[PDB]
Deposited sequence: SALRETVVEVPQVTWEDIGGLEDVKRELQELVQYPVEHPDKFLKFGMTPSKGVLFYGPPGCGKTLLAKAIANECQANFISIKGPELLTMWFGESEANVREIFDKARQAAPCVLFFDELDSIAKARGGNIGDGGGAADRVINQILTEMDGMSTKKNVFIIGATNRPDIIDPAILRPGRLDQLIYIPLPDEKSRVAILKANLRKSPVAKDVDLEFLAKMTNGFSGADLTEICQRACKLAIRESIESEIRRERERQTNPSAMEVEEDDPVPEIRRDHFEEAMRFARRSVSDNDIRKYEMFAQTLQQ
């Protein structure tokens, strides 16, 4: 299904720098149209996100579409395998659906025949002007094997690091996830963020999911027995019990590799 996503910038904890850069990248063509004309600048055709899994790359792509009131079409790399007019149909349907965000996920799987499913993509990209109102986003967990062709000018205009959250970003991820939930005053998300160094945004969300299930199940069971003869809250002890099944999903070894790659790009 193709639709405007309901994810906003507010649902995304941390990454405040990346967010302002992305807003300007899409707001400037429409907010200062007379200045984009005077100096002869073309709006951007795409970006590429990279980083450890579960840290917000898909969320950012959806929030960009919600910003532009645009449709979102998501395509996972492995499923382009049956077959090179596959690459052509997708660009048609995205052009049909304009203004549209076209998101290529798991592009590490294609970086490894398949040699020019890539080449069919580069040709669709050059053949599609910015006047078509399609904005391309890719993501990958394997920045080491990115073909630099997809980044030459006229294609994806920026490569952007989305890292594991630091301590302040973990507090924000926790708050954004719980923003419309009834949380008890005895829970200290700043202490929770301290105890979860190395956790991804997805790892943090699961803790929030379990703690909520625990309070709802407890609500069920207690009314069932008071049946024998006031909105309930998610309490500190629900979070205490959710933490038992909590451990990092990204290894210290992969983090080093990601940090080397990004630090050498200074």
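A.B. asks: Let me make sure I understand the coverage. Which parts of the deposited sequence, in order from the N-terminal end, have no C-alpha coordinates here?
C.D. replies: Several regions go unmodelled: 1-6, 89-93, 124-134, 252-265, 303.
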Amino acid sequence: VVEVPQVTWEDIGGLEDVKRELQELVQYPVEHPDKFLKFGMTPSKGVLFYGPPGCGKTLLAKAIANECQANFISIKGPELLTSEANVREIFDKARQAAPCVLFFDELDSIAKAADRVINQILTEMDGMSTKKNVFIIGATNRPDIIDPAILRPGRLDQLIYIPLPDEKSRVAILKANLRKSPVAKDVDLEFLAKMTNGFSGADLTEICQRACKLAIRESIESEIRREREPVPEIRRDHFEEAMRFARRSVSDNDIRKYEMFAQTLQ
From here on, numbers count along this sequence of modelled residues.
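A.B. asks: Output the stretch having the higher mean C-alpha B factor in the entry; the candidates are 143-151 and 190-198.
C.D. replies: The stretch with the larger average C-alpha B-factor is 143-151.
A.B. asks: Taking only the CA atoms, which stretch has the higher mean B-factor in the record, 162-170 or 121-129?
C.D. replies: The stretch with the larger average C-alpha B-factor is 121-129.
A.B. asks: Looking at 61, 55, 30, 48, which has the biggest Cα B factor in the entry?
C.D. replies: Within the set 61, 55, 30, 48, 30 shows the top C-alpha B-factor.
A.B. asks: Name the residue from 227, 240, 67, 203 with the greatest C-alpha temperature factor listed in the entry.
C.D. replies: Of the candidates given, the C-alpha B-factor peaks at 227.
A.B. asks: Considering every modelled residue of the chain and its Cα B-factor in the PDB entry, is residue 156 in the lowest, middle or highest third?
C.D. replies: Within its chain, residue 156 is a middle-third residue by C-alpha B-factor, going by the deposited values.
A.B. asks: Against its chain's modelled residues, does residue 99's Cα B factor rank lowest, middle or highest third?
C.D. replies: Answer is lowest: the recorded C-alpha B-factor places it there.
A.B. asks: Test of reading the entry: by CA B factor among the chain's modelled residues, which third contains residue 18?
C.D. replies: For residue 18, whose C-alpha B-factor we compare with every modelled residue in the chain, the answer is the lowest third.
A.B. asks: Is the Cα B-factor recorded for residue 8 in the lowest, middle or highest third of its chain?
C.D. replies: As the PDB entry reports it, the C-alpha B-factor of residue 8 lands in the lowest third of its chain.
A.B. asks: Split the chain's modelled residues into thirds by Cα B-factor; is residue 136 in the lowest, middle or highest one?
C.D. replies: Bottom third by C-alpha B-factor.
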